[PDB]
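Working notes for the structure below.
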Amino acid sequence: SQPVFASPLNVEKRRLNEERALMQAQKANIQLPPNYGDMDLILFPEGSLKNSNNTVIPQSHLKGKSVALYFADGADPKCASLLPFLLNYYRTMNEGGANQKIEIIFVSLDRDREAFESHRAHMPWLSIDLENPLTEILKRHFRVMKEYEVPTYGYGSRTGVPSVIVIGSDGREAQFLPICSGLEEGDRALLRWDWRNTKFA
Amino acid sequence: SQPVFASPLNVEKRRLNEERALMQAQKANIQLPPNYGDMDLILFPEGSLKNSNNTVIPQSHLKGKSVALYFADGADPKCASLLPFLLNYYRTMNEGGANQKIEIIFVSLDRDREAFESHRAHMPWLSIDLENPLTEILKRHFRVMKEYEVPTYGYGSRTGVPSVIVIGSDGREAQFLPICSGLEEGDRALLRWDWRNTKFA
Amino acid sequence: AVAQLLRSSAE
Amino acid sequence: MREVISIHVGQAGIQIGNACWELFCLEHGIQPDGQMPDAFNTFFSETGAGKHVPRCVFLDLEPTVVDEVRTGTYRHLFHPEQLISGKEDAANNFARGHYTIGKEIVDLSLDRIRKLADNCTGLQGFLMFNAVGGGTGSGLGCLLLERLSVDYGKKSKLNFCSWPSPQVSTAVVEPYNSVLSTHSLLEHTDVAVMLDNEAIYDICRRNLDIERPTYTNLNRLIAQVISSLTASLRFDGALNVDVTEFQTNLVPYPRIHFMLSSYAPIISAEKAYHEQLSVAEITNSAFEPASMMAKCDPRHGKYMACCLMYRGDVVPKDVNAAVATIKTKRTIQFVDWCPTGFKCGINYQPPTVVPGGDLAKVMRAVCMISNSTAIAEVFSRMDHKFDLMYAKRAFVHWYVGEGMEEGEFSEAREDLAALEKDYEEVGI
Amino acid sequence: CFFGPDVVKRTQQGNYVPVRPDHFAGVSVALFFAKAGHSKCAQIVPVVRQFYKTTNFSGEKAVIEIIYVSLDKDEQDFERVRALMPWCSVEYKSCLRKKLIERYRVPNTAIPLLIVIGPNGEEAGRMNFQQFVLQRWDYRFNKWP
Amino acid sequence: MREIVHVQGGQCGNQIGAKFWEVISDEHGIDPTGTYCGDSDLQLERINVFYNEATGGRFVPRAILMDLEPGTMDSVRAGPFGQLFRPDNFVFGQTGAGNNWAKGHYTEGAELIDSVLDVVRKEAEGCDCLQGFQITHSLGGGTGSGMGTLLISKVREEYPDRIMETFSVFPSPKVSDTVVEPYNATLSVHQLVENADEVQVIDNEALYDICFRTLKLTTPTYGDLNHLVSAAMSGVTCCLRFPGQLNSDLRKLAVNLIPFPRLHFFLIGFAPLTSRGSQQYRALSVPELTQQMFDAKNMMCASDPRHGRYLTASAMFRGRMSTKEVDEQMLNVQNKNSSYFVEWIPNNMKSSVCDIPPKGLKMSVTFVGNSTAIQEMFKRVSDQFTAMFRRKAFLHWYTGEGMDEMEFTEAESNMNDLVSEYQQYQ
Ligand SMILES: Nc1nc2c(ncn2[C@@H]2O[C@H](COP(=O)(O)OP(=O)(O)OP(=O)(O)O)[C@@H](O)[C@H]2O)c(=O)[nH]1
Ligand SMILES: Nc1nc2c(ncn2[C@@H]2O[C@H](COP(=O)(O)OP(=O)(O)O)[C@@H](O)[C@H]2O)c(=O)[nH]1
Ligand SMILES: [Mg+2]
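Sequence lines, in order, name chains i, g, P, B6, k and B7.
For the first sequence, the positions run 2 to 29, 35 to 207 when the entry's author numbering is used.
For the second sequence, the positions run 2 to 29, 35 to 207 when the entry's author numbering is used.
Note that the entry's author numbering numbers the third sequence so that position 6 is 370, with each residue one more than the last.
For the fourth sequence, the positions run 1 to 37, 47 to 437 when the entry's author numbering is used.
For the fifth sequence, the positions run 6 to 113, 126 to 148, 152 to 165 when the entry's author numbering is used.
Note that the entry's author numbering numbers the sixth sequence so that position 201 is 201, with each residue one more than the last.
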């Protein structure tokens, strides 16, 4: 039920968890509907993550790191402003330490493949391909949207483009970095990112 | 029998349970016609219920949750005023907790399919599609109508659109939240929902 | 109206 | 069984108490539903199977800030008539919140406080969070304090009033509200704690480097102060001081109880990544004059009694070592008739950080509440500001047309000037 | 495993071979970024080539090793210059070369260039050639375990 | 909850509130047919202040449309959002006060004012307790300044303690129509200075001036000007309908702007106002709205504020902003322009932060300033009125249908005492 309840991740997760719980119920006093703690979901499938060279990076590769979704658009000038700062921060953090500890997964707000690839051509970090359902499914998960077109349920838009949000293994916001929020500390709030307590378990 | 004897859902209930009772009596001390405490019903067929992701959701998934039917119409200004309050009540109810507590199944009084889809895009809980006769048998079972176009069988009228009916396992009217009734508590009647004891079993 | 297009403008 | 009752009057106190109660929920591990999946008893009751309602009442004459709670996430945390709401606000008027519209709901406020305070003996005290610059904060607060003294005579009463700042106001009439409030809460409280909005603004600007914070960022800092305050009544410590012991070791005379606050460390997540939070550091920063939560320089004040509320993995042996350092530091003065003025308190539970907030995860913290002569200047600016406005009868027709008589301004003025006389004779 | 698969090519005439994974023990490693058809590369290649032979095959233990990474635009051109460079190279179709260039910030006039590297894989010495300077780097610097 | 009953006096006030209810319905998600669209709780938890449930689910405004000629009234009904008003809330007039104060107030507004107190008391008593009334009327005419001011009197003997807010337009300084402007202006002032709790002054030459060098509109219509007034007119009553970090109702403004009961006239401005070529070229945060509301080039009254001195002021912010850079920047405009603020009142000005901006905008503000600089507007009506009166000109068009001479002397004496109570603080 986190972050919201009217998200397709949450509906899909609810369905599969109560299917498996009912499977153990007919197999066997078990509590239902299942608790959000025992409630589990695989968030990224096998063929969902691609790097700059379009090679499959598996879900288990992200073990032991702090992952952040970069809800981003190639045509937004504020996004084009934030992209060099994020690129600098990612390079210097992955290059300061022995292992690499932070990860950026790019979530597209574009409209076509040409603009998508022209925005992909500058990024070293990983991405989610555009005609996957998963990008709009995570879009309605995190309530990030250009301008209100889809009916979101009660809540308005959490944030506008650009945004970076660090991600748990359950899809919860471990921390919302304030680019366009009530703090309005744009193009600097990457410094507020903490990775010692945000771990992709 | 309960809530009203001359309802289509109740009479099909009674016909099916006397079928099974006469069948097992001929196969075999039994009592005929079968009792209201012994009579059994499946309330939604396999492909009836339907979530926001347009995936089919089974009935047995809903036990352990206080589930209620929302009889609503898109052009009704009552339903227009009621929809955000119902959205917020559902959303607070299913965010502030450890498991899912309440559920709504939508029954429509809409004019046509485009209106049905435009209204269904504004609600995230389950719904029953308009051409399915489950909508009309539920309307005749729970005495909900805009205007007199089905003969009410020596009835009056329980309630007009909009309505919320907290349901039990066998089609029992558990309690009625008094929005448009003799109590006339518009949108404050949602707070009377007794989800602790009205449980789908 | 032009006042409608100025005051409530977003684009 | 110890228990404290929270009172939140005014929309400043409602929003302060919103951050105050989500911190209490997280540290005791209750969901907004109200039941976990007996050290919590001082803030939460028992409600049948597992549930917990807060021991708080919410009073405000303006319906919007309380109806926001009734429609928000914590709508089934609070018992439905702990949230008492009026119809019209007091509208920045001490008189109107005191004499006409305050009396049709203060009967219900006492009825609900009767209902929850007689459930157990061993009531420990009352906390009150109000705004002295507003109308319903200082008006309905004054009737509530005088009726609290009449019924609950000997009970401890703590105050956390948002005093108006020297430079920033967000009101024009609040000098009138402050001088009538501080007159009547002098004889109706026991320990008064000064919280100043601009002081917390400078705290989050320098320490966390938050250049643009809202009220909900300031209310987390006040909430952490209350949590480390009543930590001794919730968690086992090496040596604990109850909140009834503050009015023994921090006030030498009954008329002198207005006193400051401080918290250290208050650091961001990347601040902790380059700093070790040694006890000597976090008690030095709590003594630093710019870390005060009242916006008054104590370098020209004169300390009388300081209480330090350590909270975390703090051994008592470097407690005495660290407090001996601030004895010998000549910049911090101490009054001559109080040679020892420190009553420490150590707790084992580390502070709880809210998710997605702005504070870091810390292993030890300091909640310093200190009585000093620096309260002379926090009322000397109200001395000037009330004098300028009342010199030619500014905004007076609103108060006197409400129903109060012309002369409460003068007697509240004279009690404040007598209070300044009482402070300066202590410091000689 | 850093480089990983066969992508580190050892030269061989008749058939094509990958150099084995732990070849690099006790040797000092320099990435040589070059591009064919460049006027400057045309003189940087023979100087570092003569240096490669002279330094490496005086001592009985191999002391230096040079990994060739190229900014070519043509796979046949890459092949005919890999057949001209006598040291280790990388595959054209492999994306490890793109990873190395994008990590090490090689623009598409700084070309050609040397980056001598350490055992974990980070920068240990940067050497441009934009204008006797090649003798600056020493083989006994990056003694690898 | 609180309710604000709207009054539409004069044909200018009819069109001003026609666009006002267009704005309020736009931000509350109200269809012109009365249904709700917008599926959000925040538009509907406070909708009883301006709308009433009508057992059809539709929301009728709590507004009285009142005029002495039916031509402008049928224009409201035939236009958009004119389907929204209740038919019984229109109070038709047949003859019409011909820009004549005496016909509006004494002899021809008398037989209609009993019919409109019937519907004012019907809507007011329908709720348990309201906050006040807002009155939109014109002072250059006869129906507005004559008949609407008698409505201001009658609801004040009957409801004494409710907030009497009025949005009133005044005669324009430079060039004007309706040659008996100072006659209807001074006679409306000396009735309204003791019967109105707060007056918000609007000038049409100021509204014209806004459209030219800050909007670059070559052809502004009256629908353009009505939306200027309505933008700040809902900009005062934000916190009644929407939550905020620092709420403020109309009486919060009343108690915290006037130090003395007889001076309550407020210059009104709105921000941010950007043209088409400059919307995407301007940042939208706190520090540039606060310079905008402190300008002589945005104010919707033609009284230059830097000529006078700001006694007490207020700002109602809306939208998503941080309260700190709001907080010290009301200070920051106070201390750089210290000569423009009064000394014997410390920290002359109030803020109030609301969480809901107008649609399209992410953050806005409405400025309500009680400035001594309105003395130039009063003295301009003064020497225009005494120029006409000393030659007895146009006086038989008042004194011959129910009124006499000496209330003109009392009109200019009350207006001159209103003048003299201002420069003693300047
Ligand atoms: N720290 C803090 N101070 C607040 C907050 N909200 C308001 N204040 C302060 O309260 C002062 C005015 O009092 P208000 O809370 O606005 O109003 P009130 O005390 O409830 O009295 P009324 O205006 O009659 O409702 C302002 O000067 C603010 O400094 C808040 O959320 N946190
Ligand atoms: N701002 C504005 N002013 C108007 C509007 N209609 C008329 N006026 C002004 O009203 C003045 C005439 O007064 P009028 O309303 O006709 O008098 P009434 O018929 O007695 O109400 C003229 O100076 C116009 O400038 C309008 O829609 N908006
Ligand atoms: Mg107030």
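For every residue, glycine included, the Cβ atom is placed at its ideal position computed from N, Cα and C.
From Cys353 (chain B6), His283 (chain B6) and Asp306 (chain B6), residue whose alpha carbon lies closest to that of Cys316 (chain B6):
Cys353 (chain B6)
Can you look up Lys166 (chain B6) in the DSSP assignment and give me helix, strand or coil?
strand
Quick check: what's the CA-CA separation for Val50 (chain k) versus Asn113 (chain k)?
18 Å
For the beta strand (DSSP E) that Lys350 (chain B7) lies in, which residues bound it at each end?
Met349 to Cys354
With a Cβ-Cβ cutoff of 7 Å, do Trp201 (chain i) and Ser54 (chain i) count as a contact?
no
Relative to chain P, which residues along the segment 353-384 of chain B7 have a C-beta separation below 9 Å, given in chain order?
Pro358, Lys359, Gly360, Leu361, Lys362 and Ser364
So is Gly365 (chain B6) in contact with chain i if we call contact Cβ pairs under 7 Å?
yes
In the DSSP assignment, find the alpha helix (DSSP H) that holds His147 (chain i) and state where it starts and stops.
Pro139 to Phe148
Using a Cβ-Cβ cutoff of less than 7 Å, which residues in the same chain neighbour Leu117 (chain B6) once the five nearest sequence positions on both sides are dropped?
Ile93
Just to confirm, is the Cβ distance from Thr186 (chain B7) to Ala411 (chain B7) under 7 Å?
yes
Report the residues of the segment 118-129 of chain g with a CB closer than 7 Å to any CB of chain i, ordered along the chain.
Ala127 and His128
Can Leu23 (chain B6) and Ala232 (chain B6) be called in contact, C-beta distance under 7 Å?
yes
The alpha helix (DSSP H) spanning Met129 (chain g) covers which residue range?
Element bounds for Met129 (chain g): n/a, residue is neither H nor E.
Min CB distance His227 (chain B7) to chain P below 7 Å:
yes
Once DSSP output is grouped into helix, strand and coil, what is the label at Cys127 (chain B7)?
coil
If contact means a Cβ-Cβ distance below 7 Å, which residues of the segment 370-381 of chain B6 contact chain i?
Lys370
Should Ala99 (chain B6) be counted as a contact of ligand 3 given a C-beta to heavy atom distance under 6 Å?
yes
Just grab the DSSP bridge partners of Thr56 (chain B6) for me.
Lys60 (chain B6)
is_contact[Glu77 (chain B6), chain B7] using C-beta, thresh 7 Å:
yes
Can you find the residues in the same chain that come closer than 6 Å, C-beta to C-beta, to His147 (chain g), ignoring five residues on each side of it along the sequence?
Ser8 and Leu10
Mapping the DSSP letters down to three states, classify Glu109 (chain g) as helix, strand or coil.
strand
Give a single yes or no on whether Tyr222 (chain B7) has its beta carbon closer than 6 Å to a heavy atom of ligand 5.
This structure does not include ligand 5; its bound ligands are ligand 1, ligand 2 and ligand 3.
The alpha helix (DSSP H) enclosing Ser237 (chain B6), as first and last residue numbers
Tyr224 to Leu238
Mapping DSSP to helix, strand and coil, what is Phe385 (chain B7)?
helix
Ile5 (chain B6) versus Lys14 (chain i): straight-line alpha-carbon distance, rounded
41 Å
For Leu250 (chain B7), would you say it is in contact with chain P, using Cβ-to-Cβ distances shorter than 7 Å as the test?
no
Is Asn14 (chain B7) closer than 7 Å to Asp88 (chain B7) when the C-beta atoms are compared?
no
Candidates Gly17 (chain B6), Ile16 (chain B6), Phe67 (chain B6) and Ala99 (chain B6): closest to residue 43 (chain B6) by CA position
Coordinates for residue 43 (chain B6) are absent; the numbering of chain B6 skips from 37 straight to 47.
In terms of residue numbering, what span does the alpha helix (DSSP H) encompassing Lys252 (chain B7) cover?
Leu250 to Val255
Secondary structure at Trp199 (chain i), three-state DSSP: helix, strand or coil?
coil
N- and C-terminal bounds of the beta strand (DSSP E) containing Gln181 (chain g):
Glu179 to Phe182
With 8 Å as the limit, tell me which residues of the segment 262-278 of chain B6 have their beta carbon closer than that to any beta carbon of chain i; keep them in chain order.
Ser277 and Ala278
Would you identify the three-state DSSP class for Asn57 (chain i), choosing helix, strand or coil?
coil
Should the segment 364-380 of chain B6 be called in touch with the segment 278-294 of chain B6, which here means at least 3 C-beta pairs below 8 Å?
yes
Taking DSSP as the reference, what is the three-state secondary structure of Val371 (chain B6)?
coil
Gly43 (chain g) CB to nearest chain i CB: under 7 Å?
no
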